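Reading through the structure tokens given below for one structure.
There are 2 protein chains.
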Amino acid sequence: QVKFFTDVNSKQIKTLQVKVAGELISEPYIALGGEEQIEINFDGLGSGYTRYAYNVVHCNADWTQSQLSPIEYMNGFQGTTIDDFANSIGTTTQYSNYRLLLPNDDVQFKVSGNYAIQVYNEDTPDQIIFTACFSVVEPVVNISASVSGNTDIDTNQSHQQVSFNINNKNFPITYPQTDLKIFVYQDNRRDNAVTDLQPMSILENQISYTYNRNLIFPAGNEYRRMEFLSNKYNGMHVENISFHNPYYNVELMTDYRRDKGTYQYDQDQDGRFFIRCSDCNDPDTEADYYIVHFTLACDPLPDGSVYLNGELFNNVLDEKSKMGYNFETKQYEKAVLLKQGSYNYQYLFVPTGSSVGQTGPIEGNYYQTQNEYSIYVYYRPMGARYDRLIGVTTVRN
Amino acid sequence: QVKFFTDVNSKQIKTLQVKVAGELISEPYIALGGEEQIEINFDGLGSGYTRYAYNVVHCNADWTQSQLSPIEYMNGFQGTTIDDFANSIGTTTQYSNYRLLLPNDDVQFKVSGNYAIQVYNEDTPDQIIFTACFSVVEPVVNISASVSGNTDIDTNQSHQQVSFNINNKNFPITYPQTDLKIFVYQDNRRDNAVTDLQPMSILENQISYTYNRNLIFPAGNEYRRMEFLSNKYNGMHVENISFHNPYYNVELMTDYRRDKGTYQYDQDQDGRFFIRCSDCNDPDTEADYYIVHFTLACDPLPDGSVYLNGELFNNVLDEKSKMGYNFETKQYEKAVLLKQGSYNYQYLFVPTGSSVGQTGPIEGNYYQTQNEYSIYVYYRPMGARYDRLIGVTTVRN
Ligand SMILES: [Cl-]
Ligand SMILES: [Cl-]
Ligand SMILES: [Cl-]
Ligand SMILES: [Cl-]
Ligand SMILES: [Mg+2]
Ligand SMILES: [Mg+2]
Ligand SMILES: [Mg+2]
Ligand SMILES: [Mg+2]
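Protein sequences, first through last, are from chains A and U. Numbering follows the numbering used here, with no gaps: position 139 of the first sequence is 724. Numbering follows the numbering used here, with no gaps: position 263 of the second sequence is 848.
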């Protein structure tokens with residue numbers, strides 16, 4: 586069966602963000618009882634105001650659709666209109682910017698778990714233009730976790746290992762080896778996520794997933810950074826900006842493989858981007874869209890493909906984010922229309938016959954690297970109709 | 586027996602900092618094998634260059650002196666001179682700024698544990714002018730930890746609870762209930778630190794200190810902030826600056842009790858301060874010393890005393906940091922000579938007949954508050970002569 590993941594399927598939709606409303610840096614989850622909301626933010630390109638509406642899909646732990654019917658999981662109707670929008674101001678590339686907060690006055694959630702918001706043009710309800718995915722937690726267990734570059738297979742070389750315990754004194758679970766499903770995500774990436782974990786030990790009030798070989802991740806590197814807050818000067822990692830009607834074009838400085846080196850402390854935001862422009866008080870309507878040109882100078886890597894990776898492509902490894910190789914210049918190259926701001930990014934290699942991207946070949950794997958890991962604990966005892974999300978935590982090093 | 590703690594005992598010494606050399610935000614520990622150094626930084630007031638020298642004291646887990654002799658714990662001599670110094674430039678208040686990195690070319694450490702650096706004027710070796718304290722870890726165990734406002738005694742009200750496991754597959758310990766000594770510190774404070782912990786459970790490769798009543802701390806509040814980067818404008822929380830020979834005087838805005846309210850997200854640095862001044866490229870020699878005036882307007886609190894708290898007084902609760910009460914103005918008030926920069930601070934109440942400060946009465950206790958907790962794991966099997974520090978970690982929420 587089919588999996589729901591945050592992805593854009595329309596060329597007219599850009600800069601899809603899923604974050605906690607009001608937060609600069611966040612994770613795509615909120616508490617069921619809580620005061621926080623998820624914010625889905627995106628632009629539609631063109632001058633047209635367009636009527637978009639959404640459906641709520643309840644999913645199980647693995648992001649396949651659950652068997653629940655809407656009345657079981659939401660209060661409110663499917664096909665609600667997205668009313669909160671505004672036109673671009675003072676930009677070459679025209680667009681409208683849209684914002685949906687959830688839960689809201691029209692839709693509230695009745696159960697925990699994974700949710701997928703599918704958006705469409707009201708005229709064309711069967712063509713989904715994007716899916717935005719977030720989770721809703723009922724936090725009845727506490728998770729104590731650590732990340733170390735000292736792992737079971739090496740010692741401060743190229744890996745990081747996650748270790749955690751589920752503390753459940755106040756939510757006893759008789760058979761957690763069967764009734765829990767755990768997902769662990771590095772830097773909000775699904776491609777190299779881990780699941781099918783077994784506890785190393787189970788006490789009455791503590792379930793330990795420590796020393797688990799599957800919880801060893803390659804360490805990667807700090808993401809590459811780039812900024813283009815105006816067309817007047819060259820921002821960070823920008824070689825030149827030029828205008829070719831109708832767009833400004835940002836030539837980024839040339840990138841090189843970083844795997845053959847020594848770790849360099851850089852401060853990143855683990856693949857995130859931030860929409861910003863010089864002297865803009867509302868970048869969501871004032872930031873323009875420029876063609877950004879990425880260049881990775883190396884010989885082509887055999888037996889796989891290179892993908893541009895980060896929140897800028899929703900961490901999706903597909904034909905949109907895959908990079909072609911220019912054999913005239915001996916470079917991987919890609920042009921991407923992006924809204925002005927600060928971007929993290931990196932280059933992942935996917936070996937042929939795999940769906941898992943690797944930081945090793947181009948970015949390198951350095952145990953010191955600051956990464957984040959989100960641990961999602963889903964609960965499903967025999968006879969329950971759906972996967973509850975009973976704990977979640979994000980740990981850094 | 587007597588305990589060593591970071592403290593200044595001379596009126597001519599100011600702005601003692603203990604941090605990891607090169608780090609903006611740090612903890613006062615380094616790894617025994619590692620590439621990092623502790624930096625001890627301080628000013629001596631006056632124009633005089635003065636010859637200061639230091640001794641290294643090895644301490645046990647509780648910061649009493651161990652039975653080790655210098656040859657057992659250090660390579661190098663006692664009474665080494667502090668050579669790295671520079672005079673103030675362009676400041677009303679004259680001083681020299683001193684910097685000692687450890688380990689260095691003259692002193693290296695042979696064992697892990699707690700170290701106290703006692704500094705003195707070479708002329709007067711029996712009068713210690715300050716002690717600077719840091720720890721050296723041989724990290725042979727990993728600590729997985731969490732902090733939650735959902736505790737065993739309440740639920741997202743006024744407390745935080747720390748939960749942790751010591752993962753020791755690669756450093757087996759037969760009787761950890763006897764051979765481990767654990768200290769847990771909130772926001773680098775010794776006054777309300779916790780120890781004498783018993784494991785709730787001991788497996789062959791995991792020791793759990795979860796659900797421990799002593800590991801529940803009051804949550805406190807984000808520290809108050811203030812900045813005075815020049816005498817020209819009034820910085821954050823500054824009401825006015827004025828000159829009364831020989832010093833500039835900073836009148837801080839009036840502070841009030843914050844316990845009767847709702848949590849306000851503020852970004853703090855958990856009691857730290859940062860030496861900075863406008864257009865200064867070397868604040869350590871360019872930042873001036875002004876008299877800063879603190880005011881807390883409330884009725885006097887009975888059955889205890891109020892102390893100004895933070896890195897600015899090395900988190901020491903004594904006669905230096907205690908606040909007098911002005912019954913004319915109905916305010917707690919204190920004048921402190923401080924080097925220009927950004928300061929975190931707060932006001933703690935110490936009940937009479939106690940040495941433990943409370944955030945509750947003046948700052949309030951809010952479960953949301955971002956705090957840090959450092960967990961130090963010391964190891965001493967029967968017959969060992971000293972407490973090794975075999976693991977340490979700092980966790981936030
Ligand atoms: Cl699982
Ligand atoms: Cl292209
Ligand atoms: Cl103990
Ligand atoms: Cl005073
Ligand atoms: Mg076992
Ligand atoms: Mg990073
Ligand atoms: Mg038990
Ligand atoms: Mg804080």
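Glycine is no exception: its CB is placed at the ideal position from the N, C-alpha and C atoms.
Closer than 6 Å to ligand 3: residues, by C-beta to nearest heavy atom, in chain order: Result: U:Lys766, U:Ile767, U:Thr780, U:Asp781, U:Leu782.
So which residues of chain U does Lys754 of chain A contact, with C-beta pairs closer than 9 Å? Within chain U, the C-beta atoms nearer than 9 Å to that of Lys754 of chain A come from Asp737, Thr795, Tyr796, in chain order.
DSSP three-state assignment for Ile758 of chain U, whether helix, strand or coil: Looking at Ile758 of chain U - three-state DSSP - the assignment turns out to be coil, as it is neither helix nor strand.
Alpha carbon to alpha carbon, how far is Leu788 of chain A from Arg798 of chain U? Spanning the two alpha carbons is a distance of roughly 19 Å.
Under 9 Å Cβ-Cβ, which residues of chain U neighbour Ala730 of chain A? Simply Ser729, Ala730, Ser731.
Rounded C-alpha distance that separates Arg861 of chain A from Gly820 of chain A: Those two C-alpha atoms are separated by around 12 Å.
Specify, as a first and last residue, the run of the beta strand (DSSP E) that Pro936 of chain U falls within. Segment 926-936, the beta strand (DSSP E) holding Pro936 of chain U.
Of all the options U:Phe828, U:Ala804, U:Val980, which has the alpha carbon lying nearest to the alpha carbon of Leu933 of chain U? Closest option to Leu933 of chain U, Cα to Cα, is U:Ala804.
Residue ranges of each beta strand (DSSP E) run of no fewer than 3 residues wholly in the region 727-753 of chain A, ordered along the chain? The region 727-753 of chain A contains these whole beta strand (DSSP E) runs: 727-733, 744-752.
Would the C-beta of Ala920 of chain U count as close to ligand 4, meaning under 8 Å from any of its heavy atoms? At least one heavy atom of ligand 4 is nearer than 8 Å to the Cβ of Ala920 of chain U, so yes.
Contacting residues, own chain, Cβ-Cβ under 7 Å from residue 983 of chain A (five flanking each side not counted): Given a span of 586 to 982 for chain A in the structure shown, any question on residue 983 of chain A remains unanswerable.
Using a beta-carbon distance cut-off of less than 9 Å, what residues from the region 593-608 of chain U approach chain A? So nothing in the stretch comes that close.
In terms of residues, what are the limits of the alpha helix (DSSP H) holding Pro803 of chain U? First-last for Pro803 of chain U: 801-803, but that is the beta strand (DSSP E), not the alpha helix (DSSP H).
Residues in the same chain with beta-carbon distance under 8 Å from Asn911 of chain A, minus the five sequence neighbours each way, listed in chain order, please. Excluding five sequence positions before and after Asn911 of chain A, the CB atoms of its chain that fall closer than 8 Å to its own CB belong to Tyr917, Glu918, given in chain order.
For my contact list, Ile738 of chain A and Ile801 of chain A are in at a C-beta cut-off of 8 Å; report their separation, rounded to the angstrom. The Cβ separation is near 6 Å, so the contact holds.
Listed by chain order, chain U residues near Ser748 of chain A by CB distance under 7 Å: For a Cβ distance threshold of 7 Å, residue set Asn727, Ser729, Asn752 of chain U lies close to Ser748 of chain A, ordered along the chain.
Chain-ordered chain U contacts of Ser786 of chain A [CB-CB under 8 Å]: Within chain U, the residues whose beta carbon sits less than 8 Å from that of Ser786 of chain A are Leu788, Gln791, listed in sequence order.
Among A:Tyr951, A:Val721, A:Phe858, A:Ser906, which one has its Cα closest to the Cα of residue 572 of chain A? No answer is possible for residue 572 of chain A: it lies beyond the span of chain A, which begins at 586 and ends at 982.
If I'm right that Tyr639 of chain U touches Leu685 of chain U with Cβ under 8 Å, what's the distance once you round it to whole angstroms? Your pair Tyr639 of chain U and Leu685 of chain U checks out as a contact, with CB atoms roughly 7 Å apart and the cut at 8 Å.
Looking at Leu974 of chain U and ligand 7, is the gap between the Cβ and the nearest heavy atom below 8 Å? Distance from the C-beta of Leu974 of chain U to the nearest heavy atom of ligand 7 is not below 8 Å.
Straight-line CA distance for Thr914 of chain A to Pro885 of chain A? The straight-line gap separating the alpha-carbon atoms of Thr914 of chain A and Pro885 of chain A is approximately 11 Å.
I'd like the list of long-range same chain contacts for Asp888 of chain A, defined as Cβ closer than 8 Å, with 5 residues on each side in sequence excluded. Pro936, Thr937, listed in sequence order.
What's the C-alpha gap between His829 of chain U and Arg965 of chain U? If you take the alpha carbons of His829 of chain U and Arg965 of chain U, they lie about 56 Å apart.
Distance, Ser697 of chain U Cα to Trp648 of chain U Cα: Cα-Cα distance, rounded: 13 Å.
I'd like the ranges of any beta strand (DSSP E) spanning at least 3 consecutive residues and lying wholly in the region 819-886 of chain A. Every unbroken stretch of the beta strand (DSSP E) spanning 3 or more residues and falling wholly within the region 819-886 of chain A is given here in chain order: 823-829, 832-837, 858-860, 874-882.
For the region 846-857 of chain U and the region 894-902 of chain U, state whether three or more C-beta atom pairs, one from each stretch, are separated by less than 8 Å. Three or more Cβ pairs drawn from the region 846-857 of chain U and the region 894-902 of chain U lie within less than 8 Å of each other, which places the two stretches in contact.
Give a single yes or no on whether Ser786 of chain U has its beta carbon closer than 8 Å to a heavy atom of ligand 7. It does: the Cβ of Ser786 of chain U is within 8 Å (strictly closer) of some heavy atom of ligand 7.
Determine the direct distance from the alpha carbon of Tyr818 of chain A to that of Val603 of chain A, and round the result to whole angstroms. Answer to the nearest angstrom: the Cα atoms are 30 Å apart.
Minimum Cβ-Cβ distance from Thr880 of chain U to chain A less than 9 Å: No, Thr880 of chain U lies away from the interface with chain A (no Cβ there is under 9 Å from its Cβ).
Rank A:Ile714, A:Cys718, A:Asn672 by C-alpha distance to the C-alpha of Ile702 of chain A and give the top, closest one. Taking each of A:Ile714, A:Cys718, A:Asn672 in turn and checking the Cα distance to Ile702 of chain A, the smallest one comes out for A:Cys718.
For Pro724 of chain U, would you say it is in contact with chain A, using Cβ-to-Cβ distances shorter than 9 Å as the test? Under the Cβ distance rule, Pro724 of chain U counts among the residues neighbouring chain A, one pair being separated by less than 9 Å.
In angstroms with no decimal places, state the Cα-to-Cα distance between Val891 of chain A and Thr665 of chain U. Approximately 56 Å between the Cα atoms of the pair.
Cα-Cα separation between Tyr875 of chain U and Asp869 of chain U, rounded to whole angstroms: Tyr875 of chain U and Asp869 of chain U: Cα-Cα distance of roughly 15 Å.
Under the three-state reduction of DSSP, which class applies to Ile625 of chain U: helix, strand or coil? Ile625 of chain U: strand per DSSP, three-state reduction.
Select from A:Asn672, A:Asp873, A:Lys754 the residue whose C-alpha is nearest the C-alpha of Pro831 of chain A. Among A:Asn672, A:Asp873, A:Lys754, the Cα nearest to that of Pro831 of chain A is on A:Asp873.
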